[PDB]
Amino acid sequence: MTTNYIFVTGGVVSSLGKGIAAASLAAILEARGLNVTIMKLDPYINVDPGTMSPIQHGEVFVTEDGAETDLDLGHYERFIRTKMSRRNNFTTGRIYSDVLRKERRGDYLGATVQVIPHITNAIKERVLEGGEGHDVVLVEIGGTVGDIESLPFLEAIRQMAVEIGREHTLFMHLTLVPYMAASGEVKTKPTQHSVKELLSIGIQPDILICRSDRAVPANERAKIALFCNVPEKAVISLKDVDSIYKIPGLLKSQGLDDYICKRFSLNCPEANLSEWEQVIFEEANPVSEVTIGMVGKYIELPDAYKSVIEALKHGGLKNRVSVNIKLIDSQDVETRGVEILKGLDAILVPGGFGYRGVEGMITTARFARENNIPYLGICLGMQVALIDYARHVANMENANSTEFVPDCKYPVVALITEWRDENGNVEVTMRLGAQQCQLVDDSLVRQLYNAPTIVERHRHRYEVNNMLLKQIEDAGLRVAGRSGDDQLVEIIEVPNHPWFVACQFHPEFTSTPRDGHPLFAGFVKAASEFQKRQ
Amino acid sequence: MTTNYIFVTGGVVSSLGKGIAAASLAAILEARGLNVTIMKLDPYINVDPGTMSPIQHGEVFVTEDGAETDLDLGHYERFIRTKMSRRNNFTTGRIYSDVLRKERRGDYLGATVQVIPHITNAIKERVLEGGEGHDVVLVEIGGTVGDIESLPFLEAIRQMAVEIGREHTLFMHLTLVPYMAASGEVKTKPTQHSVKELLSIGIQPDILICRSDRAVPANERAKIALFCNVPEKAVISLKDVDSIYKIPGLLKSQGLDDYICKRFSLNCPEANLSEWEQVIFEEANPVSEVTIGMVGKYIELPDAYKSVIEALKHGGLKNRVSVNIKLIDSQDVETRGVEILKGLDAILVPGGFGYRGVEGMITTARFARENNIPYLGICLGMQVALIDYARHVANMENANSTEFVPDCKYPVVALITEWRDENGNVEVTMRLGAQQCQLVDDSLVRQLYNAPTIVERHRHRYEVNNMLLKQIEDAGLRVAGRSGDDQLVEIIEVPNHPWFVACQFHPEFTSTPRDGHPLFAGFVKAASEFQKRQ
Amino acid sequence: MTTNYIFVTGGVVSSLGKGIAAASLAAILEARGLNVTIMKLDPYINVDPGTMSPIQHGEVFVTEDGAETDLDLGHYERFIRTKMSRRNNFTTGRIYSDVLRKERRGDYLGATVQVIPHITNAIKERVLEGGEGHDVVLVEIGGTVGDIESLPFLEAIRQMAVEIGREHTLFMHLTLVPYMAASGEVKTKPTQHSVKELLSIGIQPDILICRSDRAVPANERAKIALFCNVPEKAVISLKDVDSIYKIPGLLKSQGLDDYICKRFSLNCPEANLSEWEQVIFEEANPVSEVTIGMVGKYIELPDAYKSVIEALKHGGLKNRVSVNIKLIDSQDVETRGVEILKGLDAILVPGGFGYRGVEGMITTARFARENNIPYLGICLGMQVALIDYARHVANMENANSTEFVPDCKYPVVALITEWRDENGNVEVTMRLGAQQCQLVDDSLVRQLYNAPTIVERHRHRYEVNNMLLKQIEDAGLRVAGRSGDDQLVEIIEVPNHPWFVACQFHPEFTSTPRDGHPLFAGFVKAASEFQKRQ
Ligand SMILES: Nc1ccn([C@@H]2O[C@H](COP(=O)(O)OP(=O)(O)OP(=O)(O)O)[C@@H](O)[C@H]2O)c(=O)n1
Ligand SMILES: Nc1ccn([C@@H]2O[C@H](COP(=O)(O)OP(=O)(O)OP(=O)(O)O)[C@@H](O)[C@H]2O)c(=O)n1
Ligand SMILES: Nc1ccn([C@@H]2O[C@H](COP(=O)(O)OP(=O)(O)OP(=O)(O)O)[C@@H](O)[C@H]2O)c(=O)n1
């Protein structure tokens, strides 16, 4: 039980799919009974993605331990069963923060603190932390080799390879092998120049993963094998694919996992990818099609809703339904009205912060509730569902969240400390990561989850106001799930409706292609049943 | 006045179209009344392409002065009217041969001969020799920047830029800006890394020519401008095109020629590209279509017949005929028979050396003659036409070339020194470049060329045997052209045929898209007339 | 068994003593009973040093086979007993000449000839030719790593290391570790940057030879070991020394030969360096001192007479005489007179071509003969001795060489084809390498060499004119040695003189510190005897 490390780097361009490649390889190794994990080294200065805007860098992924991480850890958890934590993602900012803190504590004993060895040492320590207790650790190095931003990471993993040795370390380098119409051939020259940059900083690649818009032929792979001084079997073709679920099979068919198990002297049975083959089959053979509207305030970058989009796809797989995801700007509902929500088989309102576009989401929730269109609200999607029902059924004029209208008469959503009734009377911070939720008997979610308790992940400040809840309950709304000593509302259901569910937690973070998710499976099923009625 | 130099380099990949880009820019500058020339610096060790196989290198192009050169000089002569010579193309091989000859002789006076300064000095001397006496000299550096083979060339042109100054030198660097489906954007990172390699060898690019399979948008051009420290108008998009004739217009529309004229302080009128607009109009508006079979022994690389393929296209422009060029392996005629010559409106047998596939070409010549299918034979194409007629009409059994069957009874083709009749009685080396040919009255070619004398370019050793010619003439074959004191046969015609012409010279080398060529215009017209008769 | 290769490279500066280091290591390995050889790869374009001036390049060394080579092959033959040939030295010029000859001929079968693989293949072929049939082959790469001139050599030896493997190849890299008064320490940063340049071209050094003006301490060697990823015992201190004969001992004391034998799995006994210890003892314990004047025309670079200077030192070892070598410009004898030849215990006139300074050498030869000062003339030194005697004893007015005065009345020195007497009557090119010489009975050289025949090496065109010889013999000059069928004069002696010898051959090329040389031993002894008589 010596821990093995696969260092995953990228050359020529950034957008090679280093994360998907790492996750896909990890999936093959896990299917051989190996204990595998993945970690992402990000050369950005942000202490963590917590601050990074959804519009700029896509969704903030939440691990069970409540870490705010890169969306790549979503890819990792959708490919392997090993649970991600704070240890599986860190930035240059984190490393510099670590070292600056160690200096304050006096750990360096008045020594001059240097990129080598002190920054490189801090990097190695965090890689070992995240890696130890596993058979194989895949370490994705963000950036493009030759850029200055990743030089400390590359020096750190170079040192690790010398210490640990070539028996228990491999360098897997992704490269672009682009097609030129002029020559009717894919070109290895960019790979030649990228590998030279790698050699210049003291790294010899063991494995070349050749990215192209088509198969990289044996002739070109043999050319790369010779100039890199690696076996031809260590040069892998990874063409553009219509589904990332195919990549594990494509890598296995070229025997990449065999090469890795040989290099690390790992005796394990053949990879059983039957579950991945099933996912590919399901995706390729939908029985019917549905159009589901995702009404949010960050649609300008789809990666803002990465896990929600994948969760809707996984809902399709389990129902053998093709899901047409129509990304709708909630602000367009405010200006152009409810006419742009026509021709939808179901409506999803995802998570978000700030008031911009929220009134459009409240209108969207009302439209879905009144017209019996299947509805799933996530976090902000539950708030607007509660606000809708408060205003338009419970007759709480201008009911809102204190996040949006602090001095509103009916703050149906607010921080626990702000909880007040309509008369301003009172009783007597961000919730992050996994928490147990108690499901109410005879609720739809109790039926779908088939358990009295569930574990789902939070990323929110503002709660359902329990002081104004009973008046909304009396108006017909049903509490389907609660959590903690304060009995905070986790799930609500509108019962006089074919399928209307809204939750505080982020169910998209526990959805996988192989296992699906009870809420998303139920939601897409309801969408198909609605579509058949129309 | 002062001679200006544009050094044309390429990064990321070899196959950027550096020659086409240089030729297209030269076309714009010529259309502004400037005296422009182009030269090609090839990093190969071959003293010249004379030895290099067509299937390895593409066609050997022949200049008027009889130099054997890169096919790029064909691009140059098809875009500008400045005539190419030996001075417009040289290899590393030529430079080392020059320096070794100077050294072993004693020109260096017992000095140590070094890459710097002696190899770089030899390079600069040949660039000056080709350039001086022109307003603008475009110098294409073969290879990809970063490779070791072009480092001496790049050091040479770096020194020239220092000596001459930034007032009369520009660095124009072609780069690949490839599209990634993953990012949905073209990627500048390869340009970033390529420019870094240029800077490391002391070259700052003035102009970036951005190659891609689509337009490089203003936002990406703005990024390249900033990281290269060049004006935005010095960053040019050159997307993949269906027609190279459009490239002059594409570059002019982005003001590339304006920027160059400003940098070199050239006061000249706006480029009138009406001649190129006309070529584009002709090409886009064909009246009819033909299929012309090109039957040869080098079809595995189409660039083996680069100038012939372009000459057929030019023949189409002048007739408003779309030419579908079907490359047919002459060895397939030997094995599968004349079956594979079905559905052709005309047949062209191009040049070649060695006996492999020649019997297939003789069979092809016979097929075209007997079935009244328009035929054009070039060099070897004339040999197989003469052999066909000698064997199958003049009843000269197994008539051949001494190149193929040295001891044959009827050497109808042979070296002048080998000339013998069928009884072995006799009379009492490579022809290269332009030579006057005298056309015979009442010949098809005398009408087509509409002149008593023409100038065409040779690349051949083996002549028509004048000792056996009179017997072939008596059998009905006509001599249509002669040259020199030995009265060597240059053109033959089969009169009892709609269009049957074969020439010793290479007419494809004097064909241009603007001027066309009388022989190819006549050939494609005959192909159109045959197609209509069917 | 399997041939082992040690690739010897240099970084930071050129003048590291790569040749001396290679030769000194080879000496240790030979003293362990191994069959060892050395070869020099020069990045100069000169086909060979035959053209290169002595004042530019240093002496042209001549091997037994008559190859004109780098003076480093003199270092090699003075450290190991393995005889050098044409195979032990080649230039970039030779490689390009080889490849151009192969190309223009037709060995590459119409292929494109490229730096990689064709130039690198030609390099590897010549390394194999020189190396195969030896236990250990030391391959010295001329130039400084990072320079463009040696990139093909470094790529060639990189490929060899991959092909042969790390079991039978080592990279030994010389580096400068310079002392800074400011820091009071030697600096490893230049070694760091040099090794980075090696890594960028795909070479990992196995051994670091650290050059400095003092010992590189264990702490600095430990730093170099870590950043190069080599054992501490693979990092060697080679400080500046007063005697190159000490370097074998210095390297052995640090176990360099032990590390090499271990890496190559050579089981051989410990190096016995007693022969080198004896040379060091002799050198350190002289009994008397002499001043020997070397009067020539290339003294502006002492390396012009490298082997002659070493041969005089070896003459000192055998006699326990400390030799003070005073380099005197022969042109200063022409201007200032024989004043500048005062206080000399002996006079040596070495080889040379052209008339500049020759009259000064004739005056020098006369001075030594008339004043009974021991004289040794080598090649030109023999010519000026013959001319001196012809003019001033045999009364042949203005006697000269045809090289200097072609139409002179008494051409006592001339080409065999030019041989004429004073009346213009006649009888009815460069001699290179080892030739047998027959020594005459009762001659000084017959006693010194203690054999009737000797083998010495030539580099000359102009011979003693046998037509005018008998008259010079009658005047008292003695012929002491002859060669060949033409009975060419090899050695002359002035008998009425304590020690006056002059030879056509270059005896300095067969002198070694261990074996000495009979002629130089006799010369230095005569110098000592003259000094005592004063
Ligand atoms: N470090 C290197 C490696 C290769 N070459 C040169 O690269 C040329 C071949 O380049 P190219 O024609 O672009 O082909 P490939 O290297 O095969 O590249 P690609 O796969 O992109 O076609 C050869 O002449 C060789 O001398 C070089 O100069 N320096
Ligand atoms: N010499 C350089 C230049 C840039 N960067 C880094 O490159 C990153 C951006 O790279 P990428 O995301 O690939 O985008 P672009 O550079 O815009 O490249 P492309 O046009 O290919 O997307 C930045 O974080 C910057 O710190 C670097 O490390 N070293
Ligand atoms: N980028 C360069 C620059 C120079 N050279 C080579 O460097 C050699 C000269 O190096 P060297 O003898 O060390 O002399 P200098 O360069 O003058 O260095 P120094 O001042 O240290 O003596 C020349 O043959 C030249 O071809 C090279 O290969 N690449």
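Chain A residue numbers are taken from Swiss-Prot; in order, the displayed residues are 1-428, 438-543.
This deposition comes from X-ray crystallography, 2.0 Å.
Placement of Cβ uses the backbone N, Cα and C atoms for every residue, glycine included.
Here Swiss-Prot flags A:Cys379 as active site, nucleophile. Of all the Cβ atoms in the protein chains shown, 21 others lie within 10 Å of the Cβ of A:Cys379 (active site, nucleophile).
If you look up Swiss-Prot, you'll see A:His515 (among others) marked as active site. A 10 Å cutoff on Cβ-Cβ distances gives A:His515 (active site) a total of 24 other Cβ atoms nearby, all chains included.
Here Swiss-Prot flags A:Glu517 (among others) as active site, drawing on sequence analysis. Of all Cβ atoms in the shown protein chains, 28 besides its own fall within 10 Å of the Cβ of A:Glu517 (active site).
Residue density at A:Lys223 (CTP binding site): 18 other Cβ atoms are found within 10 A of its Cβ, drawing on all protein chains shown. Marked as CTP binding site by Swiss-Prot on the basis of sequence analysis: A:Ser14, A:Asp147, A:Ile148, A:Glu149, A:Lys187, A:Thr188, A:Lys189, A:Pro190, A:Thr191, A:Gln192, A:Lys223.
Mapped onto three states, the DSSP output places A:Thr188 (UTP binding site) in coil. Under the heading UTP binding site, Swiss-Prot lists A:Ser14, A:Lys187, A:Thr188, A:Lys189, A:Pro190, A:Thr191, A:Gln192, A:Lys223, citing sequence analysis as support.
Annotated ATP binding site per Swiss-Prot: A:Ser15, A:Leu16, A:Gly17, A:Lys18, A:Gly19, A:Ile20, A:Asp72, A:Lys239, A:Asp240, A:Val241, in sequence order, evidence recorded as sequence analysis. For A:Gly17 (ATP binding site), the number of other Cβ atoms no farther than 10 Å from its own Cβ, over all displayed protein chains, is 21.
Under the heading Mg(2+) binding site, Swiss-Prot lists A:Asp72, A:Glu140. When other Cβ atoms within 10 Å of the Cβ of A:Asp72 (ATP binding site) are tallied across all protein chains shown, the result is 24.
Feature annotation from Swiss-Prot assigns L-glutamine binding site to A:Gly352, A:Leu380, A:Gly381, A:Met382, A:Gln383, A:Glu403, A:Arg470; the stated evidence is sequence analysis. A helical conformation is recorded for A:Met382 (L-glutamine binding site) in the three-state DSSP classification.
The region 'Amidoligase domain' annotation in Swiss-Prot covers A:1-266 and rests on sequence analysis.
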Most crowded position, judged by CB atoms within 10 A, among A:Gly19, A:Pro190, A:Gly352, A:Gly381 as binding-site residues: A:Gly381
Any idea of the Cα spread of the UTP site, A:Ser14, A:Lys187, A:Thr188, A:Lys189, A:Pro190, A:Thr191, A:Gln192, A:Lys223, as a max distance in Å? 23
Using a 10 Å radius around each Cβ and all protein chains in view, which of these binding-site residues has the most neighbours: A:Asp240, A:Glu403? A:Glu403
Just to be sure I understand the contacts, which binding-site residues have a Cβ under 6 angstroms from any atom of ligand 1? Candidates are A:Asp72, A:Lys187, A:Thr188, A:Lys189, A:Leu380, A:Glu403. A:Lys187, A:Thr188, A:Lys189
Across every protein chain in view, the count of C-beta atoms other than its own within 10 A of the C-beta of A:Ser14 (CTP binding site) is 15
So which other residues, same chain and not among A:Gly352, A:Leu380, A:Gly381, A:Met382, A:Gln383, A:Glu403, A:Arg470, have a Cβ within 8 Å of the centroid of the Cβ atoms at the L-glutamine site? A:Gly351, A:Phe353, A:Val358, A:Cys379, A:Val384, A:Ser401, A:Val413, A:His469, A:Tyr471
Those binding-site residues among A:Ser14, A:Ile148, A:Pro190, A:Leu380 lining ligand 2, judged by a Cβ under 6 Å from any of its atoms, are A:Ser14, A:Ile148
Which residue, out of the binding-site residues A:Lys187, A:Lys189, A:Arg470, shows the minimum number of other Cβ atoms inside 10 Å of its Cβ in this structure? A:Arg470
What is the Cβ neighbour count of A:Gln192 (UTP binding site) at a 10 Å cut-off, with all protein chains included? 17
Sub-8 Å Cβ contact with chain B: please pick out which of the binding-site residues A:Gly19, A:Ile148, A:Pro190, A:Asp240, A:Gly381 have it. A:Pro190, A:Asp240
As a whole number of Å, the Cα atom of A:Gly381 (L-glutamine binding site) is distant from the Cα atom of A:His515 (active site) by 11
Can you tell me the three-state DSSP label for A:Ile148 (CTP binding site)? helix
